[PDB]
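> Provided hereafter are the protein sequence and its experimental coordinates.
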Amino acid sequence: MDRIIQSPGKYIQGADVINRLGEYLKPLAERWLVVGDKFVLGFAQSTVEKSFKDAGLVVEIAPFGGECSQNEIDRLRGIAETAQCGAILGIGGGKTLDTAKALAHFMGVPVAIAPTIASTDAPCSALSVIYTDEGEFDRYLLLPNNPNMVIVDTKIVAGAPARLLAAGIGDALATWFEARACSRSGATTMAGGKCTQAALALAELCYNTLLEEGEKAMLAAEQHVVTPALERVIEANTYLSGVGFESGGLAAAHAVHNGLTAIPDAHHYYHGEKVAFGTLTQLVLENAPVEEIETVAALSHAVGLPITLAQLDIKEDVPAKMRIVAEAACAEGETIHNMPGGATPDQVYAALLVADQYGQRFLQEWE
Amino acid sequence: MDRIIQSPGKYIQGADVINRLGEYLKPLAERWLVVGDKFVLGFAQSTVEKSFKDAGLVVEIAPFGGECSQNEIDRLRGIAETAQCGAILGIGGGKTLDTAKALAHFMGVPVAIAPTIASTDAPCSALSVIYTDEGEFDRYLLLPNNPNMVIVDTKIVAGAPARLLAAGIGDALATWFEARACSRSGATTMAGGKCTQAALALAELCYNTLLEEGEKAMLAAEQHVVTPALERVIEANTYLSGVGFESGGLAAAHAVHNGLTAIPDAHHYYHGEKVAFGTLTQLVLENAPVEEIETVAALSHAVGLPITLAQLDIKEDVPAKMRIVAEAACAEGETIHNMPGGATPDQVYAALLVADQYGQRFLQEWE
Amino acid sequence: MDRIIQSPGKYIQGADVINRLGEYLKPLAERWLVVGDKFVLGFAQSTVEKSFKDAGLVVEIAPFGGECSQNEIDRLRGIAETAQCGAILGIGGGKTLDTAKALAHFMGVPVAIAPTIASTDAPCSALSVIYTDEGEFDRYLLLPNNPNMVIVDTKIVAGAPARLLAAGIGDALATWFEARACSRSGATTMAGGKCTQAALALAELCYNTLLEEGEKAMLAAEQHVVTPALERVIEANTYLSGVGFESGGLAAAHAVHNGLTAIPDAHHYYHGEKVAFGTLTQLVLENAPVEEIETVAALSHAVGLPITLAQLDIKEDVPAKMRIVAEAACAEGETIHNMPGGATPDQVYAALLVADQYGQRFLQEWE
Amino acid sequence: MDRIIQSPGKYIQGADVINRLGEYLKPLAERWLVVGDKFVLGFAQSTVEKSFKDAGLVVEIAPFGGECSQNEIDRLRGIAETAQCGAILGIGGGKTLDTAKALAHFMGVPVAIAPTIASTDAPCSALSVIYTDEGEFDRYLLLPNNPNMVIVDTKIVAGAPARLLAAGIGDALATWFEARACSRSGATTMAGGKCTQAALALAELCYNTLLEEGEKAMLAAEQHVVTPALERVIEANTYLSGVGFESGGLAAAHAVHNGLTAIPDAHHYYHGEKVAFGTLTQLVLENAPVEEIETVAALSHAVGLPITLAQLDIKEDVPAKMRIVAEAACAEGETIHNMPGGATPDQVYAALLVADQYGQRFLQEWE
Amino acid sequence: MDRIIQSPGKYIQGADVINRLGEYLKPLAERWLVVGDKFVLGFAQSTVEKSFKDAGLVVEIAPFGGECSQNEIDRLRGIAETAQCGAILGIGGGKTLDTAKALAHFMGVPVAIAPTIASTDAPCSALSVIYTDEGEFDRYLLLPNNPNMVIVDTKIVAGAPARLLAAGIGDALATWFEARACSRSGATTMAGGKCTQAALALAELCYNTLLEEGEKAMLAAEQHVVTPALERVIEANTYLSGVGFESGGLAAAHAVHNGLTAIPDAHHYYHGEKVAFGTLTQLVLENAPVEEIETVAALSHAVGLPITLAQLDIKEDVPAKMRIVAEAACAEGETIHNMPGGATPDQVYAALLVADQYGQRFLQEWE
Ligand SMILES: [Zn+2]
Ligand SMILES: [Zn+2]
Ligand SMILES: [Zn+2]
Ligand SMILES: [Zn+2]
Ligand SMILES: [Zn+2]
């Protein structure tokens, strides 16, 4: 069929770049509503308003309620209309950015996304994961276009807990392996077409960047300072992993992540930490070479990601729980079917237990 | 500085994709202005009208004057304002596409670009090219956004004259060496910042795609058929070249192309045919290793591109003419100053004469 | 799915091996029906009768009608029931061996296969190609088991025309590429399942043996002497190629070969000669790397196989004839759908014209 | 000599494949006798009867006594003849399968072999192994042909004790070294001739598979689940090890195995466990390179196989017990003579003590 | 710019070479002033006077005060002028050698430099290093030419404390990384121009020598004996490190060294010991590949050099003391600007903390 690649129109990243929000956003619109994370605004609202004023723009700073509900979308739209805003800027965590994207869609205005943590691949994407109130996956919610601009302040991001950066590494570690399987299987990407050569290049660039700079970036994040290794990992976590998964395809890792949410044991863990184990489960499922799985297992453990089920607090009734996880992964419309050859709930259940047994041996041999 | 990458929102390519212009373009607008020249609508108008009709879209045909003049934009803006057009769709060659991107800027509406040839990297960029009369350079006129959508029909491109695909390979072969040179020097790219890891990976992917698929794509182009090698080169000529040049950087290869237009001898040669010689010039200028120059010289000769000044019909008064080219290439605002250490016109003059010597010997002793 | 590999019960190979047909076939049955045409029985009958007599076996000679038709199998059935034969020995070429294979199936008796040429991979397979009485194709008859015993006399094969051995190399040379395609796409082999690791091992062993012994074997072939290189190409032409295609899978090359049969120009050319050009076409279709295509075209030229359409006497009205070959190859049930991603007739048409252009240039620059 | 390769007619493996036993066995006969051990029929009988009945077949379930004796073969021959059985299906472990294969031979009917464990290379072979009543090796009993079908349910095999899969790895691990030895010496294989290229590739593929998948398979075996690595190892344990030892040849490894049965100490250890030490002994005997011995020693220990005599419970009066093993291995009719340059009992005695010291040191440095 | 490489006129090294000081110095002058520290003349004076006297030279022994002050230079200038001295010979450590070189400059006479330790790259250079009286870096004082002769007695150097040879390794270890940085950025070297090829080869040769001979040399140093490895390291510590830093350029390593002198904690540590941590800091700053950082960290620790701040006694109030180091390194007139893309004090501060964490972890895994 057709080959399609989607991208945000502009990706900018740099230290203290929120000082330049005004100059970068001015071409898009003149009247902006800012849906700001309460924590981000507590320490930076002054400089955001100054950045806009110095560029001759008008702002309506709107503290984000916290949840990405339709109530909150409606409330924010009223503010935006009363102020006659022509574009939305979301700045903060994922729930903040997902709201800004939904708002600007309903208002048919351009959107700017400014993540303040590099913990998932969601920002650049034209997507949204819809979740039941029990913490279990439901559906992917698509949007007609990607954000117009993504702006990443690497100094703000370096301030977050390093666990968040590692969770982004976990979500990005999957990119190459799931896009590669979609290429092998002739699967359709979330952009609606076959793989381009470009998307597969970025997905493989993502994986290699994490291998070469993951541990060094983790060192800078713990000190909350910016080094070039950190910059590269933030780009891998945001642009590369975003364009890679959307335009290269999802497969077993994210299906296993959605399957893990169907049990409450790992509810208190981040997206990327569950994806980290889904990658390892995909490598067993597709019988990756022993050298490949050892590398992925070693980098994952080197940044604190879980490589066994106990590290996601799954410790009792493991078999019963893994049947639920496996059936959930194989549900209708799930991405596990993009695996070369496909996968059966008996097959995913096997890989779960075997990935776990492999992770346990690696932690033993590391001592 | 910040690191910035720009891209069209969506890039689609595939065989007979014009039949699906309706469904791809619908989420962007409903009432469209189709801009094309007599030849282009000769074979497309019927299928374009039908695709938009079955999708519930209103289409307004508007033949093109052949040149990207301000009078043509206002004229087309009138027809579009009268028909209440929501988006502009340009279909055809560079002039048509540059017109459609310039028009939709003034009207403040989305644009879709449907190139019917892969001969320059212009389609994806947020850039026109401003020239003189009889002469051929003025400046680079910038744009605020990249095209909303680029849709390349590979069956249409396969029907074009193969010489036009070699021109595209010429314009694209320069991408990696110019972006590499900007990475080595810290040059600001036309996206406004430093190189992203992503921009450099697509620029290198462009070079390797031409190396591995270039001649295979030419076999298909001369038979006017679509093979996977042809699709890969089309993507390298359009998307990889367009993003790689604009977000990777320009250097001496396009400055020397721009100087080659200050003399009249090569006016009957295409854009990428003169870039082909500017790439070799830059490889002499930067003293690229011999294995690198030979590889670029051999591929260029394999697809019919010029590697000497006589192949651009410059056979008389060569030093005096090359002094004009050199002085033009080093003019203020030209991109040759992005080379590591810069470039004096004495050194560009040197590089032109030595590059021409190299090609003469390659055509003799090294083929 | 299940993974299945099928093989003949015993494959025996040696010089002057028909002298030992009696002791090899003795444990299967005592009364044997020997099917063979006039030419083969002309040089083999006396030797078969001696070997069977000294071994204590009973022979019933049954001269072969010449066609592998249903009526010819029925006729040989009556003859074989009247002589109360316990097994069937077919000796000679394809249509004979195919007739003996199907006859022993309907009679529920062992079969031995004694090829006197190594020109196709048919002998070892559990398949008989059934023609009408007048000689037109009828159906592919799938047998439930492979030949109980296959006995190849290398000296007899050395005496045959060398053009036949080169045709065998053509048929075998498709083995590795077609099975690798079926592995990538997950196709079902003619053995009813997915690829075993063993079948793909033998498929690739076949390809390397042709690369390493092909030229050396043809020297022994044209001198009608037996050398170890000839003994290896015979094994590759018979057992490796046979299990390779049946348990590894068929794809574009044999599909394209059937399409060439629709064109009447290449009628006076052999199976493997048409298959050789089918392999080149598949390599263009699947965009195999230039180094791979070059290696295959070089080996094909070294053994006299056709790498252009004019070497198959297809010189006039080429675009019309290729549209017929392409339609015939993409027909229902034809193995082109085993390609990764499948192939449309327009894609197979394109590959056919480009593969021909490639071989033309290879022939031109090799001289 | 003639080069000969034998094989079972059809090899099938898959998870839950006993559900499809009927369709696979359909073309062989309508009325089947099922020889099953009492334990195996406990979980399999109900499923077998449904698979046969739904396929339009007729089954007669005959529980297996436990031993492969002539009295047991005669007793089962009665049941089959009274029930007018057209073929024999054995299902279970080695003694069941060996019985089935013999019974079908005397009745002159086809046989299907469904092994429920992958612990030995004997399924798929056209032979039995004769023993005394003290436990010492007697001879090999050769059958005329290999089984008609071998059907391996991988889910059933994963449920077996993991020690049995490791015993299969120990048996299969010798395949390559003994076939390579026979090729080097030009010995005659159990299939009656010289090595074919096909058999050496299958022998080597066996070794490489165990190296690459052996540890991943033991993870899934110990969880009693099916992963692609466990399936590859089962195919290596059964088909590759089967064709490889029979048509690639035996040498010192199995000779040294038979010697170890001449002493009572290693009676509690399975077949493949003693073959494991035989392979190390052969590697000392033929003076394998120190990197080759270590790789084999490491893989053996990684899956629990003995690499010292004490791990075979041979701990007292070792030089006495090894002289017995040495002369037993060197006896008339043993394969030790297939070693390049042969081997005297003094030489094998040397290799036994030295291999033991090697493994003791390998284990000592496991700290 | 112009490419420039400076050097001392003659570099001589050998065991017991102070016995030959006279013949080597003969052509420079007949009447010499010998500036010697009181300790150095203790073992050297008697030998020096005999080497000079036997060579027909005339010597005036002037004991060195201890400091390189103008009052000391004037005092020695008096002694020399009264004794009608034609050249100056300094013999001892850094302050003696720096004094000798300055004195000869004011008198306009030749100078010979005989270093008794190999702890720094300053012998051979055409410069002094100016300091405050608290211990903080002031500036560099440039001399017009390099010394006329540098004569290094390797036996004398082997008698020095081994810690001093390791300090020379720490100084020399930076030569390649700083010259490579200056080459990359196109910075101007201390010799006034751009890097020559000769200087980069000497810079890289320095690094490779320390890698290959560093540990072997520290064995002989700690035994105070002369081996070829100790001689190669002395040449790398003195000549290669000398020409390499002066005509290859300085960057972040020595800039970070000067910062560490802005705080009092690391005062008990020699020059090269603080440069050792500066090299690690530069390697973080420029984001060197993780294999390059580790090789340098490993070699440093192998010879006793600091790879953490605590090993420089910087243990309390670290973020405070590092901000001082950072701004000191980034001051005007410092070489940090020679880094590709330069470096802000925030960036150097990042690199200081991160490098420290890296070394702490390198050391932690030393168990
Ligand atoms: Zn994710
Ligand atoms: Zn261009
Ligand atoms: Zn064929
Ligand atoms: Zn065995
Ligand atoms: Zn220094």
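Arrived safely, thanks for sending. Numbers count the residues shown, from 1 in each chain, chains lettered A, B, ... in the order given. Ligands and ions are numbered 1, 2, ... in the order given.
> show me what from chain A comes close to chain C.
A:184-186, A:194, A:340-341 (C-beta under 8 Å from any C-beta of the partner chain). All C-beta atoms are positioned from the backbone trio N, CA, C, and that covers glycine.
> among those, which are located in helices?
Mapping the residues of chain A next to chain C onto helices (DSSP state H) picks out A:184-185.
> pull the most distant pair out of the residues of chain A next to chain C.
Spanning the widest gap among the residues of chain A next to chain C are A:194 and A:341, at 18.2 Å by C-beta to C-beta.
> ok, the residue in the stretch 101-250 of chain A that chain B sits nearest to to residue B:160 distance?
Closest contact between the stretch 101-250 of chain A and chain B, by C-beta to the nearest C-beta, is at residue A:144 (4.2 Å). Relative to residue B:160, residue A:144 is positioned 31 Å away (C-beta to C-beta, to the nearest Å).
> who has more neighbours out of the two?
residue B:160 (16 against 12; other C-beta atoms under 10 Å in any protein chain shown).
> show me the strands in the stretch 1-150 of chain A, by range?
Taking DSSP state E, counting those that start in this stretch as the test, the strands found in the stretch 1-150 of chain A are A:3-6, A:10-14, A:31-36, A:58-63, A:87-92, A:111-115, A:129-131, A:137-140, A:149-153.
> so for chain E, which of those strands sits nearest?
strand A:10-14 (12.3 Å).
> what about the closest one, near chain E?
No - contact between strand A:10-14 and chain E is absent, the nearest approach being 12.3 Å (criterion: C-beta under 8 Å from any C-beta).
> which strands border that strand, and is each parallel or antiparallel?
Using DSSP bridges, the strands paired with strand A:10-14 are strand A:149-153 (parallel), strand B:3-6 (antiparallel).
> once you drop chain neighbours, what's closest to residue A:299?
With C-beta to C-beta, 6 or more residues apart in numbering or on different chains as the criterion, residue A:299 has its nearest non-adjacent residue at 5.6 Å, and that residue is residue A:214.
> coming back round to it: same list (the strands of the stretch 1-150 of chain A) but as CSV, adding mean neighbour count.
What follows is the strands of the stretch 1-150 of chain A, written out as CSV (neighbours: other C-beta atoms under 10 Å in any protein chain shown):
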stretch, mean neighbour count
strand A:3-6, 26
strand A:10-14, 25
strand A:31-36, 25
strand A:58-63, 18
strand A:87-92, 27
strand A:111-115, 28
strand A:129-131, 14
strand A:137-140, 16
strand A:149-153, 26
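> of all those, which one comes closest to residue D:228?
strand A:137-140 (26.2 Å).
> against which helices or strands is the closest one packed?
strand A:129-131, helix A:252-260 (3 or more C-beta pairs under 8 Å, 6 or more residues apart in numbering or on different chains; DSSP states H and E).
> and the ones you listed: which comes nearest chain D?
helix A:252-260 (12.7 Å).
> now that closest one: how far from the chain's centre is it?
14 Å (C-alpha atoms, centre = their mean, to the nearest Å).
> quick one: it near chain D?
No - against chain D, helix A:252-260 shows no contacts by C-beta under 8 Å from any C-beta, the least distance being 12.7 Å.
> who touches the closest residue to residue A:256 other than its chain neighbours in this structure?
Distance criterion C-beta to C-beta, 6+ apart; nearest residue to residue A:256, sequence neighbours excluded, is residue A:278 at 3.5 Å. For residue A:278, the contacting residues are A:174, A:252-257, A:260, by C-beta atoms under 8 Å, 6 or more residues apart in numbering or on different chains.
> of those residues, which is the nearest to chain B?
Using C-beta to the nearest C-beta, those come closest to chain B at residue A:174, 17.9 Å.
> now the closest one: closest residue in space, sequence neighbours ignored.
Counting by C-beta to C-beta, 6+ apart, the residue nearest residue A:174 is residue A:253, at 4.0 Å.
> spell out which parts of chain A neighbour chain E.
Residues of chain A lying near chain E (C-beta under 8 Å from any C-beta): A:15, A:212-213, A:215-216, A:219-220, A:222-223, A:225-229, A:232.
> let me see the ranges of the helices in the stretch 101-250 of chain A.
A:154-159, A:162-185, A:197-223, A:228-235, A:241-248 (DSSP state H, counting those that start in this stretch).
> most tightly packed of the ones you listed?
helix A:241-248 (a mean of 31; mean count of other C-beta atoms under 10 Å in any protein chain shown).
> which residues does that one contact?
Counting by C-beta under 8 Å, 6+ apart, A:4-8, A:121-127, A:146, A:168, A:171-172, A:174-176, A:178-179, A:182-183, A:189-191, A:195-196, A:198-200, A:202-203, A:206, A:254, B:198 sit against helix A:241-248.
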